[PDB]
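Analysis of the macromolecular model
Chain by chain, the residues run as shown.
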Amino acid sequence: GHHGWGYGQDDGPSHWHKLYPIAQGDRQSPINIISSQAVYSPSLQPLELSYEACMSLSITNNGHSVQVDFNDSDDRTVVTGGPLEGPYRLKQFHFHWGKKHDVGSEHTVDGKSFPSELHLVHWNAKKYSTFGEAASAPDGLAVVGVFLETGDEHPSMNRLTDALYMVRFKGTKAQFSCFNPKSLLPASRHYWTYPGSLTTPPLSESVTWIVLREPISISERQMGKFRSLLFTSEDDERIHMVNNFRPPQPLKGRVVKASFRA
Ligand SMILES: CC(=O)Nc1nnc(S(N)(=O)=O)s1
Ligand SMILES: [Zn+2]
């Protein structure tokens, strides 16, 4: 659903459970990843992100985040391997960030947050006929999370942040052709994985999370651009889009697997 949920004081994460009871379920996301507790799992096949150069459609400010959607009408742009059984098509990717440098990411590692976190959302189109249907099944979705830390300016990120002024207001969009999501990935394919859920309503527990170990780097300037976005529409009082993240949720005995040893 998408109703009276947001990130404000009255409709924020702490209130979601009222309209979305699944909010206090057995496998909610995000979580705090205690690295020493992750289970090295060598049996898992290599994680592969096979993305196309021009499958991107538009970039949109939907009031919760800035999102880039893709054509999923076919099987070209998918994630596979790792804990996944079969390919999952990329539907869209978006970000979560904070008002300050020490907050922003949804998942945290050993209690530490990153200024932002990228989410590439995929669904099992092979066995379910619609994202809505896949979203209701425990094995219907796969979300790849990528942490962002501030450092060197990120090349492909320039085009994305440059387009943020145009979509500064809620409900606005622009064409965003030929953006290869592969450009927002780190060199390493090491990851952590665990059964979880969507981090925004409906909070469906149908997500196989794959959180990459190595973060990508963007500049503070680029980060500042995300913070210039607004939760509000054109003729409404301005409220900047920041702290659009859900805090860590109870692990509840779940096992986090790792594709590497540390
Ligand atoms: C329609 C759709 O994709 N909904 C999502 N809700 N939460 C998501 S997230 N932050 O877990 O990637 S994606
Ligand atoms: Zn997300």
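Throughout what follows, the structure given in this document is the object of discussion. (Residues numbered from 1 in each chain as written, not as in the entry; some residues may be left out. Chains lettered and ligands numbered in written order. Heavy atoms only, no water.)

1. Regarding the nonpolar core
Membership of the largest hydrophobic core comes to 49 residues, with the highest contact counts inside it found for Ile59, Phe93, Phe95, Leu160 and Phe226. By residue number, the principal contributor to this core is strand β7 (residues 88–97), which donates 5 residues. With sequence-adjacent residues up to four places away left out, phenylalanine 95 is seen in contact with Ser65, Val66, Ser116, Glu117, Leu118, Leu148, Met157, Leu160, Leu184, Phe226 and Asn244. The next biggest cluster of nonpolar side chains, apart from the first, holds 24 residues, and it includes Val109, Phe114, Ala134 and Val211. (Core = buried A, V, L, I, M, F, W, Y, C linked by side-chain atoms within 4.5 Å. Buried < 20%, exposed > 50% of the residue type's maximum accessible area, 1.4 Å probe, protein only. Helix = DSSP H or I, 4+ residues; strand = E, 2+ residues; numbered from the N terminus. Contact = heavy atoms within 4.5 Å.)

2. As for the packing of aromatic side chains
Going through the model one piece at a time under the given rule, you end up with 12 aromatic pairs. Both rings, one in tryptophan 5 and one in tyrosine 7, keep their centres 5.7 Å apart while their planes meet at 70°; by these two values the pair is edge-to-face. Using a relative accessible area of 6% as the deciding quantity, one classes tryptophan 5 as buried. Pairing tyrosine 7 with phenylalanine 231 gives two aromatic rings, centres 6.2 Å apart and planes at 15°, and the pair type is stacked. Of the two residues, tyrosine 7 sits in the segment before α1 (16–19) while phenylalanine 231 sits in the loop between α4 (220–227) and β15 (257–258), which places them 224 residues apart along the sequence. We classify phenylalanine 231 as buried; its relative accessible area is 17%. A cation over a ring is seen here: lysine 91 above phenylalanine 131, with NZ or CZ 5.5 Å from the ring centre. Above the ring of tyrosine 165, the side-chain terminus of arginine 168 is found at 4.0 Å from the ring centroid. (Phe/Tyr/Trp six-rings, centres within 6.5 Å; stacked < 30°, edge-to-face > 60°. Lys NZ or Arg CZ within 6 Å of the ring centre and 35° of its normal.)

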